[PDB]
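Text of data-v1.cif (mmCIF, C-alpha atoms and all ligand atoms) as supplied:
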```
data_data
#
loop_
_atom_site.label_atom_id
_atom_site.label_comp_id
_atom_site.auth_asym_id
_atom_site.auth_seq_id
_atom_site.Cartn_x
_atom_site.Cartn_y
_atom_site.Cartn_z
CA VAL A 12 -5.52 -24.90 -3.84
CA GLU A 13 -6.66 -24.94 -7.50
CA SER A 14 -7.74 -21.28 -7.17
CA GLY A 15 -4.39 -20.54 -5.49
CA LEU A 16 -2.51 -21.78 -8.54
CA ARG A 17 -4.64 -19.61 -10.83
CA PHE A 18 -3.84 -16.59 -8.63
CA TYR A 19 -0.08 -17.26 -8.53
CA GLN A 20 -0.27 -17.71 -12.31
CA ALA A 21 -2.11 -14.40 -12.74
CA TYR A 22 0.45 -12.65 -10.44
CA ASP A 23 3.34 -13.96 -12.58
CA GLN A 24 1.51 -12.65 -15.68
CA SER A 25 1.12 -9.23 -14.07
CA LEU A 26 4.85 -9.15 -13.41
CA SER A 27 5.64 -9.14 -17.15
CA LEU A 28 4.77 -5.42 -16.81
CA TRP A 29 7.86 -4.89 -14.63
CA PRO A 30 9.92 -2.53 -16.80
CA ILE A 31 13.33 -3.29 -15.21
CA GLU A 32 15.36 -6.21 -13.80
CA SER A 33 14.60 -7.26 -10.24
CA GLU A 34 15.21 -9.93 -7.62
CA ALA A 35 12.27 -11.72 -6.01
CA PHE A 36 12.85 -13.51 -2.65
CA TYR A 37 11.40 -14.08 0.83
CA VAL A 38 12.45 -12.66 4.17
CA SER A 39 11.75 -14.15 7.58
CA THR A 40 9.41 -12.44 10.03
CA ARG A 41 7.53 -13.64 13.11
CA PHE A 42 4.34 -13.40 11.03
CA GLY A 43 5.67 -15.50 8.15
CA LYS A 44 7.81 -15.55 5.00
CA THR A 45 7.33 -12.14 3.37
CA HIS A 46 7.78 -11.70 -0.39
CA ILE A 47 10.07 -8.94 -1.67
CA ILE A 48 10.69 -7.63 -5.18
CA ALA A 49 13.97 -5.63 -5.12
CA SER A 50 15.24 -3.28 -7.86
CA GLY A 51 17.67 -0.41 -8.37
CA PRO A 52 21.35 0.19 -7.56
CA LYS A 53 22.51 -1.85 -4.57
CA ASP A 54 24.43 1.07 -3.02
CA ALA A 55 21.51 3.57 -3.28
CA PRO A 56 19.35 4.68 -0.29
CA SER A 57 16.56 2.24 0.66
CA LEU A 58 12.88 2.67 -0.33
CA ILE A 59 10.20 0.29 0.97
CA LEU A 60 7.03 0.08 -1.14
CA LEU A 61 3.67 -0.97 0.31
CA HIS A 62 0.78 -1.80 -2.09
CA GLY A 63 -2.93 -1.27 -1.61
CA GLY A 64 -5.22 -4.07 -0.47
CA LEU A 65 -5.74 -6.89 -3.01
CA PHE A 66 -3.21 -5.41 -5.52
CA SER A 67 0.11 -6.96 -4.39
CA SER A 68 3.53 -5.49 -5.31
CA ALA A 69 2.63 -5.95 -9.01
CA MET A 70 0.79 -2.56 -8.93
CA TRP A 71 4.11 -0.65 -8.83
CA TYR A 72 4.93 -1.39 -12.51
CA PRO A 73 4.33 2.19 -13.74
CA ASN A 74 6.28 3.79 -10.88
CA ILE A 75 9.16 1.37 -10.37
CA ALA A 76 11.51 2.53 -13.16
CA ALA A 77 11.46 6.18 -11.97
CA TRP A 78 12.02 5.31 -8.30
CA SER A 79 14.65 2.64 -8.88
CA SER A 80 17.00 5.00 -10.73
CA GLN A 81 17.94 6.70 -7.45
CA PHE A 82 16.81 4.20 -4.82
CA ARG A 83 17.21 0.57 -3.97
CA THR A 84 13.47 -0.24 -3.91
CA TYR A 85 11.98 -3.10 -1.94
CA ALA A 86 8.38 -3.86 -2.93
CA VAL A 87 6.91 -5.72 0.03
CA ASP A 88 3.85 -8.01 -0.20
CA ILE A 89 1.71 -7.29 2.85
CA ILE A 90 1.37 -10.54 4.76
CA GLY A 91 -2.25 -11.61 5.29
CA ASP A 92 -3.43 -10.19 1.96
CA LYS A 93 -3.77 -11.90 -1.45
CA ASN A 94 -0.18 -12.08 -2.69
CA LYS A 95 2.97 -14.22 -2.29
CA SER A 96 3.66 -13.59 1.40
CA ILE A 97 2.89 -16.72 3.50
CA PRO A 98 1.18 -16.10 6.84
CA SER A 99 2.20 -18.01 9.96
CA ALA A 100 0.88 -16.29 13.13
CA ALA A 101 -1.95 -13.93 12.17
CA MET A 102 -0.93 -10.27 12.17
CA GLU A 103 -3.76 -8.66 14.16
CA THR A 104 -3.07 -5.43 16.06
CA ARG A 105 -1.38 -2.16 15.03
CA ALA A 106 1.52 -3.19 17.30
CA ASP A 107 1.81 -6.43 15.26
CA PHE A 108 1.91 -4.45 11.98
CA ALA A 109 4.90 -2.40 13.16
CA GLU A 110 6.66 -5.50 14.53
CA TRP A 111 6.16 -7.23 11.15
CA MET A 112 7.82 -4.27 9.40
CA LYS A 113 10.73 -4.17 11.88
CA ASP A 114 11.40 -7.85 11.04
CA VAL A 115 11.29 -7.02 7.32
CA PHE A 116 13.79 -4.15 7.88
CA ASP A 117 15.95 -6.46 10.04
CA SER A 118 15.98 -9.36 7.55
CA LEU A 119 16.87 -6.85 4.80
CA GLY A 120 19.75 -5.47 6.91
CA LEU A 121 18.25 -1.99 7.00
CA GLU A 122 18.66 0.48 9.82
CA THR A 123 16.44 3.12 8.14
CA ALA A 124 14.49 3.62 4.89
CA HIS A 125 12.16 5.80 2.92
CA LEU A 126 8.67 4.35 2.64
CA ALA A 127 5.96 4.88 0.00
CA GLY A 128 2.55 3.29 0.09
CA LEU A 129 -0.98 3.25 -1.24
CA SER A 130 -4.25 2.68 0.65
CA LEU A 131 -3.60 -0.21 3.14
CA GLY A 132 0.17 0.14 2.71
CA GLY A 133 -0.29 3.88 3.20
CA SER A 134 -2.02 3.17 6.53
CA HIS A 135 0.80 0.74 7.43
CA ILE A 136 3.26 3.56 6.83
CA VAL A 137 1.46 6.05 9.09
CA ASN A 138 1.33 3.36 11.80
CA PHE A 139 5.03 2.51 11.26
CA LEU A 140 6.36 6.11 11.37
CA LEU A 141 4.38 6.64 14.62
CA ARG A 142 5.60 3.46 16.30
CA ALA A 143 9.08 3.27 14.77
CA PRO A 144 10.08 6.81 13.74
CA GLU A 145 13.75 5.96 14.35
CA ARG A 146 13.60 3.54 11.39
CA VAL A 147 12.05 6.02 8.95
CA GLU A 148 13.74 8.55 6.67
CA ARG A 149 10.88 10.15 4.63
CA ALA A 150 7.33 8.84 4.26
CA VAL A 151 4.88 8.98 1.33
CA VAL A 152 1.22 8.18 1.98
CA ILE A 153 -1.08 7.85 -1.08
CA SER A 154 -4.88 7.43 -0.82
CA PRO A 155 -4.64 5.93 2.68
CA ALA A 156 -7.19 3.38 3.92
CA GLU A 157 -8.82 5.67 6.52
CA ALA A 158 -6.03 6.88 8.83
CA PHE A 159 -7.01 10.57 8.47
CA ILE A 160 -10.80 10.28 8.16
CA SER A 161 -13.56 7.58 8.41
CA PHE A 162 -14.68 5.51 5.39
CA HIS A 163 -18.04 6.08 3.76
CA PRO A 164 -20.43 3.42 5.13
CA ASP A 165 -20.42 2.04 1.51
CA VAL A 166 -16.84 0.81 1.91
CA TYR A 167 -17.91 -2.01 4.20
CA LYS A 168 -20.57 -3.28 1.73
CA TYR A 169 -17.91 -3.53 -1.02
CA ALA A 170 -15.48 -5.18 1.40
CA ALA A 171 -18.13 -7.66 2.63
CA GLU A 172 -18.88 -8.80 -0.93
CA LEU A 173 -15.29 -9.84 -1.74
CA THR A 174 -16.27 -13.51 -1.71
CA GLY A 175 -15.96 -14.33 -5.43
CA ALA A 176 -15.58 -12.85 -8.92
CA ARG A 177 -18.82 -10.79 -9.00
CA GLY A 178 -17.76 -9.04 -5.78
CA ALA A 179 -14.26 -8.31 -7.04
CA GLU A 180 -15.52 -6.78 -10.33
CA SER A 181 -18.05 -4.69 -8.40
CA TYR A 182 -15.24 -3.49 -6.10
CA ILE A 183 -12.94 -2.72 -9.03
CA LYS A 184 -15.61 -0.84 -11.00
CA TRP A 185 -16.34 1.30 -7.95
CA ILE A 186 -12.78 1.97 -6.81
CA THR A 187 -11.39 2.82 -10.28
CA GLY A 188 -14.22 5.21 -11.16
CA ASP A 189 -15.62 5.90 -14.61
CA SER A 190 -12.39 7.46 -15.92
CA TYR A 191 -9.88 4.68 -15.26
CA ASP A 192 -9.55 1.02 -16.26
CA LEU A 193 -6.89 -1.19 -14.74
CA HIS A 194 -4.47 -2.87 -17.11
CA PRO A 195 -6.15 -6.18 -18.05
CA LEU A 196 -3.41 -8.17 -16.26
CA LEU A 197 -4.08 -6.40 -12.96
CA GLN A 198 -7.86 -6.71 -13.40
CA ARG A 199 -7.40 -10.45 -13.82
CA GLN A 200 -5.02 -10.91 -10.88
CA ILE A 201 -7.21 -9.04 -8.38
CA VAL A 202 -10.30 -11.03 -9.48
CA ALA A 203 -8.38 -14.32 -9.18
CA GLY A 204 -7.09 -13.17 -5.78
CA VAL A 205 -10.64 -12.78 -4.52
CA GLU A 206 -11.69 -16.12 -6.11
CA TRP A 207 -8.96 -17.84 -4.11
CA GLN A 208 -10.62 -18.79 -0.85
CA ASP A 209 -7.84 -18.52 1.73
CA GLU A 210 -8.83 -17.05 5.10
CA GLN A 211 -5.23 -16.43 6.24
CA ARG A 212 -4.78 -14.13 3.22
CA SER A 213 -8.21 -12.48 3.48
CA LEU A 214 -8.15 -8.92 4.77
CA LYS A 215 -10.56 -8.44 7.66
CA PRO A 216 -11.23 -5.81 10.35
CA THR A 217 -9.64 -6.65 13.72
CA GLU A 218 -10.19 -5.20 17.21
CA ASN A 219 -7.05 -3.05 17.59
CA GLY A 220 -5.92 -3.18 13.94
CA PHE A 221 -7.31 -1.76 10.71
CA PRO A 222 -9.25 0.06 9.48
CA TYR A 223 -8.24 2.84 11.85
CA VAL A 224 -8.52 6.64 12.09
CA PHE A 225 -5.50 8.08 13.92
CA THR A 226 -6.44 10.46 16.75
CA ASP A 227 -5.48 14.15 16.90
CA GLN A 228 -3.16 13.05 19.72
CA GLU A 229 -1.32 10.55 17.50
CA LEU A 230 -1.17 12.78 14.40
CA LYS A 231 0.21 15.81 16.28
CA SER A 232 3.07 13.57 17.52
CA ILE A 233 4.43 12.70 14.05
CA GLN A 234 8.15 13.58 13.90
CA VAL A 235 9.13 12.59 10.30
CA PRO A 236 8.58 14.26 6.90
CA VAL A 237 5.32 13.06 5.38
CA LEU A 238 3.98 13.54 1.85
CA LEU A 239 0.21 12.91 1.74
CA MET A 240 -1.63 12.57 -1.58
CA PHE A 241 -5.32 12.12 -2.34
CA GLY A 242 -7.16 11.95 -5.66
CA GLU A 243 -9.98 14.47 -6.20
CA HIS A 244 -12.34 11.57 -7.14
CA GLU A 245 -11.55 9.34 -4.10
CA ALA A 246 -14.55 7.00 -3.74
CA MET A 247 -13.82 5.68 -0.24
CA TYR A 248 -14.14 8.86 1.87
CA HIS A 249 -14.26 12.67 1.88
CA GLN A 250 -10.71 13.45 0.88
CA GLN A 251 -11.25 17.18 1.53
CA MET A 252 -11.88 16.53 5.26
CA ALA A 253 -8.94 14.09 5.42
CA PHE A 254 -6.72 16.72 3.73
CA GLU A 255 -7.89 19.54 6.04
CA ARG A 256 -7.43 17.37 9.16
CA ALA A 257 -3.95 16.12 8.17
CA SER A 258 -2.82 19.63 7.17
CA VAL A 259 -3.86 21.02 10.56
CA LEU A 260 -2.48 18.25 12.79
CA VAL A 261 0.72 16.83 11.24
CA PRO A 262 3.85 19.04 11.70
CA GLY A 263 5.56 19.97 8.41
CA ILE A 264 3.23 17.80 6.29
CA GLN A 265 3.05 18.21 2.54
CA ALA A 266 -0.52 17.28 1.68
CA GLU A 267 -2.33 17.68 -1.65
CA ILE A 268 -5.35 16.62 -3.67
CA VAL A 269 -4.56 15.67 -7.28
CA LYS A 270 -6.92 16.49 -10.18
CA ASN A 271 -8.33 13.88 -12.53
CA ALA A 272 -7.65 10.94 -10.28
CA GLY A 273 -9.51 8.76 -7.82
CA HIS A 274 -8.26 6.29 -5.20
CA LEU A 275 -5.75 4.57 -7.45
CA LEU A 276 -3.54 7.63 -7.77
CA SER A 277 -0.18 5.95 -8.46
CA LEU A 278 -1.80 3.96 -11.30
CA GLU A 279 -3.97 6.78 -12.74
CA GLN A 280 -1.42 9.61 -12.74
CA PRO A 281 1.91 7.76 -12.69
CA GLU A 282 3.86 10.56 -14.48
CA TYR A 283 2.90 13.13 -11.82
CA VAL A 284 3.16 10.77 -8.81
CA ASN A 285 6.55 9.43 -10.03
CA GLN A 286 8.21 12.87 -10.07
CA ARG A 287 6.38 14.27 -7.01
CA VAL A 288 7.66 11.38 -4.91
CA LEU A 289 11.22 11.67 -6.33
CA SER A 290 11.17 15.42 -5.50
CA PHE A 291 9.92 14.78 -1.97
CA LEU A 292 12.23 11.83 -1.25
CA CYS A 293 15.33 13.81 -2.33
CA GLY A 294 14.14 16.83 -0.33
CA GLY A 295 16.11 15.97 2.84
CA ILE A 296 19.04 18.12 4.02
NA NA B 1 -13.37 2.04 -14.15
NA NA B 2 -14.41 11.61 -2.23
#
```
Have the structure of the file written as structure tokens, please.
Ligand code: NA
Ligand code: NA
Amino acid sequence: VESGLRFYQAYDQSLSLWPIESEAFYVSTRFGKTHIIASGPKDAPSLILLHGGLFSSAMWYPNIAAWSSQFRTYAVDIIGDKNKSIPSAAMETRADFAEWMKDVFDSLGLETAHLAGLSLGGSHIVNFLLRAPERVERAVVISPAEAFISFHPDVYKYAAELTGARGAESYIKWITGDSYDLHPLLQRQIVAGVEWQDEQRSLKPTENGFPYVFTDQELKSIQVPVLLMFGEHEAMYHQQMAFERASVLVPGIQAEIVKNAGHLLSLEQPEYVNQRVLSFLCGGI
């Protein structure tokens, strides 16, 4: 609608921050046309990027130049969230999420890929590497939306109030923390995203979907290299407990808690995150 136009306009603004050339297009999936922003050398290994809830692929601007030197990066807009992907059938269960991603891989012509993701996209990645390990090279999970530990009860109050601008600002103020401000373009886009009343693109809890805490049983079964990163100031849960749990259960995991950052780790400490991910991704033998 009218709000939808304002959101699409804000998204296009945010994309002026993209530091390199890229190709935007849609791929077909059984859950709808999924928006991709692709960058980097066309013969380089594949890297799928999954944004946090409400942020869209635009949030990768301070990481994309570093990662697209050595990888063909595909920044994927999670279908059913506020972004350019266009939902058909609602994506509802954790099985659906992995099927959606298989279709994305398929439409992109990819047998395997590296994946890196924040928050919601981080939780997609854990779900994907569990259900489709054969399609995953190396996996990077940053500030995951649950997955390793339960949210603070608070999280649901903030989520429930995402019904207009006031709610979005309140969410942003809380999630960023007192030490970090979003770039004004991203601030605007996220607010306009929430203002846009579109239920098909509104994130909501579903029966056998997200949010989800993976069981000891599931986590012990992980068979791919995982890099797990939390910020010391993570507002959404006790990152120490998530760290301890992941470290104990996941075979060969590299897990860490980064100083002077909260939830939005790839945005707050891009210099560190950029290189840490490059180092991990090129760590395969
Ligand atoms: Na802030
Ligand atoms: Na915390």
Notebook entry, point to check: If we count only C-alpha atoms, what is near residue 191 of chain A at a cut-off of 9 Å, once residues fewer than 5 positions away on the same chain are taken out, given as an MDAnalysis selection string?
Noted result: chainID A and resid 272:273 275 279
Notebook entry, point to check: With all atoms listed in the file as the atoms that count, which of A:97, A:203, A:158, A:70 lies nearest to residue 45 of chain A?
Noted result: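 The closest residue to residue 45 of chain A is A:97.
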Next item on the list: Go through A:115, A:65, A:264, A:160 one by one, measure the shortest atom-to-atom distance of each to ligand NA 2 (chain B) using all atoms listed in the file, and give the residue with the smallest value.
Entry: A:160
Margin query: Neighbouring residues of residue 134 of chain A were defined as those with any atom within 10 Å, considering all atoms listed in the file; residues of the same chain fewer than 4 positions away were excluded. Please report them as a PyMOL selection string.
Written below: chain A and resi 61+63+128-130+138-139+152-159+221-225
Next item on the list: Using atom CA of residue 28 of chain A and atom CA of residue 47 of chain A as the two end points, give the distance in Å to one decimal.
Entry: 16.4 Å
Checklist line | Site check for ligand NA 1 (chain B): residues at most 8 Å away, all atoms listed in the file, as number ranges by chain | finding: A: 183-193
Notebook entry, point to check: Counting only C-alpha atoms, what is within 12 Å of residue 33 of chain A, bar same-chain residues fewer than 3 positions away, as a list in words?
Noted result: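 Close residues of residue 33 of chain A: residues 26, 27, 28, 29, 30, 36, 47, 48, 49, 50, 51, 52, 53, 72, 75, 76, 79, 83, 84, 85 and 86 of chain A.
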Check: A:215, A:56, A:93, A:228: which is nearest residue 172 of chain A, counting all atoms listed in the file?
Finding: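 Looking only at the distances to residue 172 of chain A, the closest residue turns out to be A:215.
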List every residue of chain A that has an atom at most 6 Å from any atom of ligand NA 2 (chain B), giving for each one its closest atom pair and the distance in Å to one decimal, counting all atoms listed in the file, sorted by chain and then by ascending residue number, as a Markdown table.
```
| residue | atom | partner | partner_atom | distance |
| --- | --- | --- | --- | --- |
| A:244 | CA | B:NA2 | NA | 5.3 |
| A:245 | CA | B:NA2 | NA | 4.1 |
| A:246 | CA | B:NA2 | NA | 4.9 |
| A:248 | CA | B:NA2 | NA | 4.9 |
| A:249 | CA | B:NA2 | NA | 4.2 |
| A:250 | CA | B:NA2 | NA | 5.2 |
```
Next item on the list: Identify, on the basis of only C-alpha atoms, every residue whose closest approach to residue 114 of chain A does not exceed 12 Å; exclude the query and any residue fewer than 6 positions from it along the same chain; express the result as a PyMOL selection string.
Entry: chain A and resi 37-45+107-108+120-122+143+146
Check: Could you state the separation of atom CA of residue 199 of chain A and atom CA of residue 25 of chain A in Å, given to one decimal place?
Finding: 8.6 Å
Check: Nearest to residue 35 of chain A among A:12, A:87, A:55, A:100, with distances taken over only C-alpha atoms: which residue is it?
Finding: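 Between A:12, A:87, A:55, A:100, the residue approaching residue 35 of chain A most closely is A:87.
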Check: Using all atoms listed in the file, which of A:68, A:271, A:198, A:234 sits nearest residue 181 of chain A?
Finding: A:198
Next item on the list: Give me, please, the distance in Å between atom CA of residue 14 of chain A and atom CA of residue 216 of chain A, quoted to one decimal.
Entry: 23.6 Å
Check: Which is closest to residue 136 of chain A among A:59, A:201, A:101, A:171, if we use all atoms listed in the file?
Finding: A:59
